[PDB]
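Student: Got a structure for you, written out below as structure tokens; questions coming shortly.
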Amino acid sequence: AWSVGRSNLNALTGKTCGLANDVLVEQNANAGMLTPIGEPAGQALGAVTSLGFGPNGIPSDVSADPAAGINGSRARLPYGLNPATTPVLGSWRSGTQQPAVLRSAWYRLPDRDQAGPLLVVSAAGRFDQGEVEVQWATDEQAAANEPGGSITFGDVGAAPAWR
């Protein structure tokens, strides 16, 4: 990974662009979006559970990135994510606060041959590290609904805004 040293020694080599070489951008945000095993073109998000539901249950005024989508979201979307092409759910309750637990459908994970060496989910809220999880499971254990471990998503950015 990039350092002043790694940069300045790799400069004598030829590449004198510093960090420009190390920061990997995604021009289109909807671009490398994961399609599910099942055919629901959208709404594959709310599948197993959707307690404390919110297809518009996020305070759009509080949420920021710097009319209806698929699930009927009057709430704006970050990094140019097309709401007509991407579904969205929430946990923020205006009235009484209740224990919300969401579980998705199985998503089609391709064969290792991509420019982007990581998997990402554009999220918002004043949640902690332990909340959001990706449960990696074998296709045979996916039908039996028994996950073979779980990796926790690491957040970078400003709470409760979009990151």
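Quick note on naming: the chains in the structure tokens go A, B, ... in the order shown, residues restart at 1 in each chain, and ligands are numbered from 1 in order of appearance.
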Kindly provide the residues of stretch 94-135 of chain A that approach stretch 63-72 of chain A to within 12 Å, each paired with its closest atom pair and their distance in Å to one decimal, based on only C-alpha atoms, listed by chain and increasing number, as JSON lines.

Tutor:
{"residue": "A:122", "atom": "CA", "partner": "A:65", "partner_atom": "CA", "distance": 10.2}
{"residue": "A:123", "atom": "CA", "partner": "A:63", "partner_atom": "CA", "distance": 10.2}
{"residue": "A:124", "atom": "CA", "partner": "A:63", "partner_atom": "CA", "distance": 7.2}
{"residue": "A:125", "atom": "CA", "partner": "A:63", "partner_atom": "CA", "distance": 8.1}
{"residue": "A:126", "atom": "CA", "partner": "A:63", "partner_atom": "CA", "distance": 10.7}

Student: As a PyMOL selection string, list the residues of stretch 10-124 of chain A assigned to alpha helix (DSSP H) by DSSP on the backbone atoms of this structure.

Tutor: chain A and resi 10-13

Student: How about saving the chosen residues, N, CA and C atoms kept, as a compact mmCIF listing (two decimals), in the first residue's frame?

Tutor:
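Wrote it out as again.txt, contents follow:
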# COMPACT_ATOMS: atom_id res chain seq x y z
N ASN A 10 9.74 4.40 -5.73
CA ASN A 10 9.06 4.01 -6.97
C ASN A 10 9.02 5.16 -7.98
N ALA A 11 9.57 6.32 -7.60
CA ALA A 11 9.61 7.51 -8.45
C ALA A 11 10.82 7.49 -9.36
N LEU A 12 11.94 6.92 -8.86
CA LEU A 12 13.21 6.77 -9.57
C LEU A 12 13.03 5.75 -10.70
N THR A 13 12.05 4.83 -10.52
CA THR A 13 11.62 3.79 -11.45
C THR A 13 11.08 4.46 -12.74

Student: Set the distance at 12 Å and use only C-alpha atoms: which residues neighbour residue A:118 once local chain neighbours fewer than 6 positions away are removed? I'd like the list as JSON, numbers by chain.

Tutor: {"A": [24, 26, 32, 112, 153, 154]}

Student: Which residues, written as a list in words, have at least one atom at most 7 Å from residue A:46, with only C-alpha atoms counted and residues fewer than 3 positions away on the same chain left out?

Tutor: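 So the residues in contact are residues 43, 49, 50, 102, 103 and 104 of chain A.
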
Student: Limited to N, CA, C and O atoms, could you put the picked residues into a file as a PDB file, in the first residue's frame?

Tutor:
ATOM      1  N   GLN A  43     -35.307  -5.584  -5.230  1.00  0.00           N
ATOM      2  CA  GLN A  43     -36.030  -6.098  -4.050  1.00  0.00           C
ATOM      3  C   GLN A  43     -35.544  -7.486  -3.523  1.00  0.00           C
ATOM      4  O   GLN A  43     -36.279  -8.176  -2.807  1.00  0.00           O
ATOM      5  N   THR A  49     -35.766 -11.820   6.541  1.00  0.00           N
ATOM      6  CA  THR A  49     -36.396 -10.966   7.549  1.00  0.00           C
ATOM      7  C   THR A  49     -36.310  -9.505   7.128  1.00  0.00           C
ATOM      8  O   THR A  49     -35.441  -9.144   6.333  1.00  0.00           O
ATOM      9  N   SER A  50     -37.239  -8.679   7.634  1.00  0.00           N
ATOM     10  CA  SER A  50     -37.317  -7.237   7.390  1.00  0.00           C
ATOM     11  C   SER A  50     -38.054  -6.526   8.545  1.00  0.00           C
ATOM     12  O   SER A  50     -38.909  -5.667   8.313  1.00  0.00           O
ATOM     13  N   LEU A 102     -32.675  -7.500   9.662  1.00  0.00           N
ATOM     14  CA  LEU A 102     -32.794  -7.730   8.214  1.00  0.00           C
ATOM     15  C   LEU A 102     -31.893  -8.872   7.732  1.00  0.00           C
ATOM     16  O   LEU A 102     -30.768  -9.009   8.208  1.00  0.00           O
ATOM     17  N   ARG A 103     -32.410  -9.693   6.797  1.00  0.00           N
ATOM     18  CA  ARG A 103     -31.702 -10.817   6.181  1.00  0.00           C
ATOM     19  C   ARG A 103     -32.083 -10.914   4.695  1.00  0.00           C
ATOM     20  O   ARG A 103     -33.268 -10.984   4.356  1.00  0.00           O
ATOM     21  N   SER A 104     -31.062 -10.876   3.819  1.00  0.00           N
ATOM     22  CA  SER A 104     -31.200 -10.890   2.363  1.00  0.00           C
ATOM     23  C   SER A 104     -31.210 -12.266   1.712  1.00  0.00           C
ATOM     24  O   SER A 104     -31.021 -13.295   2.374  1.00  0.00           O
TER      25      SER A 104
END

Student: Using the chain letters and numbers from this document, which residues of chain A does DSSP assign to strand (DSSP E), as a ChimeraX atom specification?

Tutor: /A:49-50,102-103,133-134,151-152

Student: Which one is closest to residue A:141: A:33, A:106, A:121, A:155? Count only C-alpha atoms.

Tutor: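 Ranking A:33, A:106, A:121, A:155 by distance to residue A:141, first place goes to A:106.
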
Student: Got a sec: who's within 10 Å of residue A:7, counting only C-alpha atoms, leaving out chain neighbours fewer than 3 positions off, as a PyMOL selection string?

Tutor: chain A and resi 1-4+10-13+15-19+21-22

Student: Between A:100, A:29, A:105, A:37, single out the one closest to residue A:83, counting only C-alpha atoms.

Tutor: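 Result for the nearest residue to residue A:83: A:29.
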
Student: Which residues are near residue A:131? Cut-off 10 Å, only C-alpha atoms, ignore same chain within fewer than 3 positions. Put them as JSON, numbers by chain.

Tutor: {"A": [101, 127, 128, 152, 153]}

Student: Just checking: using only C-alpha atoms, which residue out of A:62, A:57, A:44, A:158 ends up closest to residue A:95?

Tutor: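 Nearest to residue A:95: A:57.
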
Student: Using atom CA of residue A:41 and atom CA of residue A:136 as the two end points, give the distance in Å to one decimal.

Tutor: 21.6 Å

Student: For residue A:75, which residue among A:145, A:97, A:150, A:56 is the nearest when counting only C-alpha atoms?

Tutor: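 When distances to residue A:75 are compared using only C-alpha atoms, the smallest one comes from A:56.
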
Student: Using only C-alpha atoms for the distances, tell me which of A:148, A:53, A:78, A:30 is nearest to residue A:92.

Tutor: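 Selected residue with least distance to residue A:92: A:53.
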
Student: Using only C-alpha atoms, can you tell me which of A:110, A:87, A:80, A:117 comes closest to residue A:27?

Tutor: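 Using only C-alpha atoms, the shortest distance to residue A:27 belongs to A:80.
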